[PDB]
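Remarks on the structure that follows.
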Amino acid sequence: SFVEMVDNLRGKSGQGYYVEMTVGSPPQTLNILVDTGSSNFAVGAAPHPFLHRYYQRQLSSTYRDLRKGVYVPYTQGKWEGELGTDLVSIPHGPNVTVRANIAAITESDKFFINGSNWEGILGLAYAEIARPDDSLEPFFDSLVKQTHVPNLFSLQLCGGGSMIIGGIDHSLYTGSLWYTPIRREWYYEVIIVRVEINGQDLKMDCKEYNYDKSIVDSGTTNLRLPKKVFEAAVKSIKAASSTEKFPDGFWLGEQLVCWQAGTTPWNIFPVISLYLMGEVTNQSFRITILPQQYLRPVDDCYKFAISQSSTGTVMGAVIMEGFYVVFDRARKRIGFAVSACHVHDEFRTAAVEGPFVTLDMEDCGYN
Ligand SMILES: CN(C)C(=O)c1cc2cc(c1)C(=O)N[C@H]([C@@H](O)CO)Cc1cccc(c1)OCCCCO2
Numbered sequence: 059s060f061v062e063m064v065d066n067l068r069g070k071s072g073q074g075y076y077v078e079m080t081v082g083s084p085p086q087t088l089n090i091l092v093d094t095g096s097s098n099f100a101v102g103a104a105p106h107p108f109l110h111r112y113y114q115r116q117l118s119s120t121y122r123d124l125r126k127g128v129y130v131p132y133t134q135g136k137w138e139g140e141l142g143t144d145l146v147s148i149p150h151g152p153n154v155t156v157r158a159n160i161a162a163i164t165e166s167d168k169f170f171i172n173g174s175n176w177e178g179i180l181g182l183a184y185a186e187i188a189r190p191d192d193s194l195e196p197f198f199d200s201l202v203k204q205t206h207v208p209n210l211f212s213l214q215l216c217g232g233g234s235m236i237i238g239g240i241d242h243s244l245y246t247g248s249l250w251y252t253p254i255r256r257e258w259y260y261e262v263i264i265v266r267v268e269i270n271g272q273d274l275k276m277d278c279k280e281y282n283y284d285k286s287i288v289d290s291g292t293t294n295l296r297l298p299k300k301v302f303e304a305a306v307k308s309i310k311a312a313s314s315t316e317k318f319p320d321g322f323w324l325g326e327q328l329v330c331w332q333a334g335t336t337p338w339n340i341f342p343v344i345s346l347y348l349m350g351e352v353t354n355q356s357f358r359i360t361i362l363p364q365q366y367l368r369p370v378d379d380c381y382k383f384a385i386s387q388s389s390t391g392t393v394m395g396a397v398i399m400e401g402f403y404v405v406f407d408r409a410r411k412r413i414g415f416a417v418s419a420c421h422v423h424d425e426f427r428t429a430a431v432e433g434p435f436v437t438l439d440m441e442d443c444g445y446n
């Protein structure tokens with residue numbers, strides 16, 4: 059029954075991917091950012107310069123006030139609001155209606171994005187990081203509890233896309249799905265066991281790759297890397313592309329770089345392979361990222384979409400684009416496969432490949 063959910067996402071890596079939802083009775087239609095990096099469902103509920111519409115609780119006969127406030131900070135932006143519950147549906151999702159927790163956003167700071175076309179956020183991660191605490195049941199938990207929707211979803215982000237709620241649509245990917253364990257149910261936390269650039273091992277202690285966590289986050293644009301890993305990767309990418317020279321602010325994500333339309337020198341930029349812990353003992357697999365993913369288009380002009388982090392690795396939208404990503408909550412694992420909407424180079428291709436042998440993978444997790 060998944061064909062109804064194919065292509066139910068709109069947006070881009072830079073401003074977020076959103077799905078259409080309705081809240082309340084009669085249904086009020088809103089576009090909702092798909093965020094695997096948080097766990098609160100929240101919607102604009104007061105006028106705002108960047109909102110073209112918002113949730114009006116006074117117009118919904120099924121609205122219930124919870125008489126409790128809430129604030130949620132993100133890496134970029136934050137909001138505060140008032141908690142309640144209401145009936146929620148996804149028109150291009152499963153044919154169900156659930157009563158879900160909803161934060162009515164009344165004040166916000168650098169959260170809504172001008173011209174993004176979304177008015178709320180769907181946090182798909184686990185209750186452990188929900189605000190104000192883990193007793194506020196996340197949307198997907200309510201969906202699974204109240205309906206027969208299986209406890210998994212998958213995301214095909216195309217650099232539009234698809235959020236398949238309750239399963240896997242095999243027409244959306246090619247080759248094999250490779251699975252990595254969800255290390256802990258809070259963020260979608262994973263363990264990176266090896267990193268190669270153009271086939272050259274970065275040869276860092278693999279704990280550095282996951283310091284202090286590594287997560288899969290559809291709501292972050294960039295591949296974000298811990299400082300030490302970021303410095304090693306930039307040095308290697310600079311070396312591979314030293315044919316040309318770029319402003320020092322290009323590598324910080326500030327300045328864009330442009331080339332005569334159709335002459336982008338893709339071949340001077342390396343591929344990046346991230347090896348992830350596998351399902352069996354001493355087994356990993358790799359996903360390979362092309363420069364067409366980490367040079368985000370904005378002549379042909381691009382921003383460098385690899386940036387530094389102090390809260391661990393973030394596999395953001397530019398990594399997820401071109402892969403089909405299965406958030407298999409029931410089996411505590413995340414699957415990767417080459418997406419049907421994959422990145423096209425002429426001599427290189429994004430890939431998900433295995434198996435690989437990797438010893439001592441448990442040592443790669445940070446404590
Ligand atoms: C340095 N720096 C600011 C970043 O690296 C960055 C970039 C980014 C989003 C976040 C962080 C962010 O905080 N993302 C949030 C959660 O996933 C993680 O906490 C979700 C969120 C919150 C507000 C607006 C959003 C997404 O817009 C989506 C468009 C893409 C914006 O790209």
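Read left to right, the sequence shown gives residues 59 to 217, 232 to 370, 378 to 446 (the UniProt record's numbering).
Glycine included, C-beta positions come from ideal geometry on N, C-alpha and C.
{"Item": "Which residue spans inside the region 386-430 form an unbroken beta strand (DSSP E) run of at least 3?", "Value": "392-394, 402-407 and 412-418"}
{"Item": "Going by beta carbon distance, what residues of the same chain come within less than 7 angstroms of residue 231, once the five residues before and after it are set aside?", "Value": "Coordinates for residue 231 are simply not present: the residues of the chain run from 217 and resume at 232."}
{"Item": "Mind checking who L297 pairs with in its DSSP beta bridge?", "Value": "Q387"}
{"Item": "What is the DSSP secondary structure of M79, reduced to helix, strand or coil?", "Value": "strand"}
{"Item": "What is the DSSP secondary structure of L117, reduced to helix, strand or coil?", "Value": "helix"}
{"Item": "The beta strand (DSSP E) spanning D123 covers which residue range?", "Value": "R122 to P131"}
{"Item": "Is any heavy atom of ligand 1 found at a distance shorter than 8 angstroms from the C-beta of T94?", "Value": "yes"}
{"Item": "With a threshold of 8 angstroms, establish whether the CB of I171 neighbours any heavy atom of ligand 1.", "Value": "yes"}
{"Item": "Can you give me the C-alpha to C-alpha distance between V306 and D199, rounded to a whole angstrom?", "Value": "39 angstroms"}
{"Item": "What three-state label does DSSP hand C216 in the structure shown?", "Value": "coil"}
{"Item": "Mind checking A188: buried by the 16 CB within 10 Å criterion, or exposed?", "Value": "buried"}
{"Item": "Output the residue ranges of the beta strand (DSSP E) runs that lie fully inside the region 260-307 and measure 3 residues or longer, sorted by chain position.", "Value": "264-269, 286-288 and 295-298"}
{"Item": "For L367, report the span of its alpha helix (DSSP H) as first-last.", "Value": "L367 -> not in any alpha helix (DSSP H); beta strand (DSSP E) instead, spanning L367 to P369."}
{"Item": "Specify, as a first and last residue, the run of the alpha helix (DSSP H) that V64 falls within.", "Value": "Unbroken run through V64: none, as it is neither H nor E."}
{"Item": "Just to check, is the beta-carbon of residue 375 closer than 8 angstroms to a non-hydrogen atom of ligand 1?", "Value": "Residue 375 cannot be placed in this structure, since the chain goes from 370 to 378 without the numbers between."}
{"Item": "Classify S212: buried if its beta carbon has 16 or more other beta carbons within 10 angstroms, exposed otherwise.", "Value": "buried"}
{"Item": "For the structure I just gave you, are there three or more beta carbon pairs, one from the region 395-414 and one from the region 320-336, closer than 8 angstroms?", "Value": "no"}
{"Item": "Kindly indicate the opening and closing residues of the alpha helix (DSSP H) around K203.", "Value": "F197 to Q204"}
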